[PDB]
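One chain comes next, on its own, written as structure tokens: the form deposited in one PDB entry.
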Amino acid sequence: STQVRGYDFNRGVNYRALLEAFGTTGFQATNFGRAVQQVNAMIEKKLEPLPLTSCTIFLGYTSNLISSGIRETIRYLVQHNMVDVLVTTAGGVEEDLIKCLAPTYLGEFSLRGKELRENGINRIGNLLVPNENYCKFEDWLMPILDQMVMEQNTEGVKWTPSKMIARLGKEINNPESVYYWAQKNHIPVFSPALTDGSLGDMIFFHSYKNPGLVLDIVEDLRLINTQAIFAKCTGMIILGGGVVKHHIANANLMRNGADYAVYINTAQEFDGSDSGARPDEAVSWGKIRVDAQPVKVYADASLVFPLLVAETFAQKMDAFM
């Protein structure tokens, strides 16, 4: 039995101690402490001796988190081979690439769409992206799409979202890009509905100038499912809900459940959504092993993920080098 007690600032300000005290603060602060423990357990397992490791970690995140600064946090983990599989939606891929061409700016949620549109600005929450960002994206992308169609028709290449994402990361060739690092470190990225964003727009426009590109999603299902099936252990770290959450969980259901699971999302369960489902619902399905101790932190990941990474993965920088 642990007593409730928050950090005493009379000790002054030691950030490591402040974060550790969340565990005994209550509510989501406590779930955060539990998440720190579970992610550390995943890491300890991954570091256990038996490129396969003792724990295959699946990292999932929604598109908007890549628009946010969490893009740097994710790039760090991938850059240092701290996770093994990435799952994100379409915006999650393209905005990482576009950020290497032009920046995203801070704004406000209340900015009116009429005025923003008249000024050629697109709103993403309290962030802003100029139309010009997509124009630079198009110029950068078109010639790569041409090579892709050509390799497909003359070199037998059977594109899938994951193969395309590896290619784009390699093409962006910028150390700031999550996907540049992913393909460099052989970390696969799955995105079944990769056509649902600006990269879709471009593939669409491009098909009328150079028809034929095929993106198969069946081979990619085989690829992600086998990542979980042949794993010694698996851990799931999912920021947000939707396709990203279910696609990673369903892959783990194929091995009869994940050994560790930490979720950070704002969805609520009352609407029956998969996004808002507590990890306990996933246990009924077999997505999470019955003996696992899954953790869900109900919070905006822009606030929580950097702190979680600080108290876990960043503390093991050594082992990961």
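Heads up: residue numbers just count along the shown sequence, starting at 1. Superpose the two forms; the largest set of C-alphas matching within 1.5 Å is the rigid core.
A second form of this protein, the form deposited in another entry, is not displayed here; the remarks below concern that form.
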Tell me, with the core superposed, which single residue in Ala267, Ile43, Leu253, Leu59 has its C-alpha moved by at least 2 Å between this form and the one not shown. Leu253
Exceeds or equals 2 Å, Cα of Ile224 between this form and the one not shown, core fit: no
Core fit, then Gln293 C-alpha moves 2 Å or more between this form and the one not shown: yes
Could you tell me whether the Cα atom of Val244 shifts by at least 2 Å between this form and the one not shown after core superposition? yes
Please check whether, in the other form, the CA atoms of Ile238 and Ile248 lie closer or farther apart than here, given a change of 3 Å or more. farther
Since the C-alpha distance between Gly242 and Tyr260 changes by 3 Å or more in the other form, give its direction relative to the shown form: closer or farther. closer
